[PDB]
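K.L.:
Numbering (this note's numbering), first residue to last: 18 to 81. Think of the CB as a built atom: it goes at the ideal place given N, C-alpha and C, for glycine as much as any other residue.
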């Protein structure tokens with residue numbers, strides 16, 4: 018797929034760079050606290066959402 022909209026996402030993806038287990042952060046220029054609770058429930062909602070369609074609300078996975 019030589020798409021520009023599809024390649025646009027992949028590009029920016031490995032463009033900004035990448036992380037490798039950045040759980041050991043410290044206080045520098047900004048607060049040294051993480052929201053692994055509130056947004057924890059956030060990813061849970063966004064995750065199941067994509068899962069639904071992929072299967073149900075999507076009907077375009079062709080994965081038997």
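With a threshold of 8 Å between beta carbons, is residue 47 in contact with chain B?
P.N.:
This model lacks chain B altogether; it includes just one protein chain.
K.L.:
How many Å lie between residue 30 and residue 50 at the Cα?
P.N.:
By one-based count along the chain shown, residue 30 stands at place 13. By one-based count along the chain shown, residue 50 stands at place 33. Taking the straight line from one Cα to the other gives about 25 Å.
K.L.:
Using the Cα positions of residue 129 and residue 66, report the straight-line distance between them to the nearest angstrom.
P.N.:
There is simply no residue 129 to check, as the chain begins at 18 and stops at 81 in what is shown.
K.L.:
Rounded to whole angstroms, what is the Cα-Cα separation between residue 23 and residue 39?
P.N.:
In the chain shown, counting from the first residue as 1, residue 23 sits at position 6. In the chain shown, counting from the first residue as 1, residue 39 sits at position 22. Their backbone Cα atoms lie some 28 Å apart in a straight line.
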